[PDB]
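Numbering-wise (this note's numbering), the sequence shown opens with residue 224 and increments by one.
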Amino acid sequence: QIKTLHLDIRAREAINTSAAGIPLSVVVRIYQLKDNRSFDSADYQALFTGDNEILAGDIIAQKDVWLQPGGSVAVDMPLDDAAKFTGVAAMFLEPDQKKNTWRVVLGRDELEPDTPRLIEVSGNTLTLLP
């Protein structure tokens, strides 16, 4: 059904701001995952700097993209048939760990074969949008 993962990652002008309020580019990591449990349970430190081998076992493919303030990145990546979930996590300076707004996860049934899912980056948050 879905051969290709299509994402459109778009940044507002003010994203990932420093303490002085200056917008900064951000790395966004895209993960093709066999399962979601390890990814969803990982905290920011664990996901980005940790040695979780269960998480490593779940990751089929990963891409790191660099999103400029006011910019956009198109992801058009072969979707592995074993990728039941796609995780998208931003390496924000200031992630809101309490609200868990620094990452999103999509099941296969949330993707479209020939249309991208739009992910908005605004401040220190990611939001899936129509």
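Each residue gets a CB set at the ideal place from its N, CA and C atoms; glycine is no exception.
Coarse secondary structure for residue i, derived from DSSP in three states
i           : result
residue 263 : helix
residue 244 : coil
residue 227 : strand
residue 304 : coil
residue 299 : strand
Rounded separation between residue i and residue j - CA only
i           : j           : result
residue 227 : residue 263 : 23 Å
residue 278 : residue 261 : 5 Å
residue 347 : residue 286 : 20 Å
residue 338 : residue 231 : 9 Å
residue 306 : residue 280 : 12 Å
Test item: CB-CB of residue i and residue j under 8 Å
i           : j           : result
residue 334 : residue 340 : yes
residue 236 : residue 273 : no
residue 267 : residue 320 : yes
Residue closest to residue i, alpha-carbon to alpha-carbon, out of the options
i           : options               : result
residue 246 : 332, 225, 253 and 234 : 234
residue 345 : 224, 267, 229 and 244 : 244
residue 343 : 331, 337, 327 and 332 : 327
residue 297 : 318, 225 and 251      : 251
residue 371 : 287, 315, 309 and 238 : Nothing can be reported for residue 371: it is not among the residues displayed for the chain, which extend from 224 to 353.
residue 302 : 238, 241, 254 and 249 : 254
Buried versus exposed, by CB contacts within 10 Å (16 or more), residue i
i           : result
residue 329 : buried
residue 323 : exposed
residue 271 : exposed
residue 352 : exposed
residue 167 : Because residue 167 is not part of the residues shown, which for the chain are 224 to 353, the question remains open.
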